[PDB]
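Here's the structure we're looking at; comments come further down.
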Amino acid sequence: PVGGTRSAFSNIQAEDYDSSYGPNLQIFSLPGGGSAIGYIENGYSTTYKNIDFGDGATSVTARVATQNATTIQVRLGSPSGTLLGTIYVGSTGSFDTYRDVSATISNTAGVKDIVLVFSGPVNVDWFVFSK
Ligand SMILES: [Ca+2]
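In the UniProt record's numbering, the protein residues as written are 518 to 648.
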C-alpha cells in the first residue's frame with residue numbers, strides 16, 4: 518500500500534481503530550492469541566483512517582462473534598458518510614465463537630477513511646476487503 522497507509526486487502530485488526538464512538542467499547546484478548554473489540558452497543562462505531570483500496574474492492578469480510586443477529590455498516594469518512602454496504606451478522610452461538618461473514622460493497626478505490634457502525638452487540642476480530 519501507498520506510504521502512510523494500510524492495505525484494504527490484508528486483515529485490518531478491528532482493535533486498530535484511530536477513533537471510536539461508544540463509552541463502553543473495549544478490546545478483549547482471545548484465548549488462542551489476538552484481540553477483538555467488544556462491549557459494543559447500537560449506535561457504536563469505529564473509524565479506520567487511511568485504508569488503501571488501490572484500484573477497487575467490491576466485497577468485505579469480518580471475523581465476528583455474537584449471540585443475536587445484528588449488522589455492521591461499512592461507511593466512508595464518518596458514521597453519516599456514504600454507506601458502502603452492510604454485513605448481516607447472524608448469531609454464532611457465543612461471543613467467543615468467531616465466523617467469517619461477508620457482504621458486497623459499492624466499488625471503492627484509492628485512499629479512504631472507513632467507519633464500522635454497529636446496530637447491536639457483536640465482537641470483531643478483524644475485517645478485510647477483496648476484489
Ligand atoms: Ca484482532
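Don't be surprised by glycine CBs; every beta carbon is placed ideally from N, CA and C.
- Counting only the Cα atoms, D572 lies some 15 Å from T522.
- Scanning the UniProt domain "CBM6 3" (527-647) from its first residue to its last, no whole alpha helix (DSSP H) run of 4-plus residues comes out.
- Set against 8 Å, the gap from the CB of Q543 to the closest heavy atom of ligand 1 is not smaller.
- For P540, the closest alpha carbon among the candidates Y605, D613 and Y561 is that of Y561.
- For ligand 1, a non-hydrogen atom lies closer than 8 Å to the CB of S552.
- In terms of Cβ geometry, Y565 and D617 do not form a close pair [threshold 9 Å].
- Not one heavy atom of ligand 1 lies closer than 8 Å to the C-beta of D630.
- Counting C-beta atoms within 10 angstroms of its own C-beta, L547 has fewer than 16 neighbours from the protein chains shown and is therefore classed as exposed.
- Residue burial is scored here from C-beta neighbours: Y534 has at least 16 other C-beta atoms within 10 angstroms and is therefore classed as buried.
- Proximity of the beta carbon of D642 to ligand 1 is indicated: a heavy atom of the ligand is located closer than 8 Å.
- Shortest gap from the CB of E532 to any heavy atom of ligand 1: under 8 Å.
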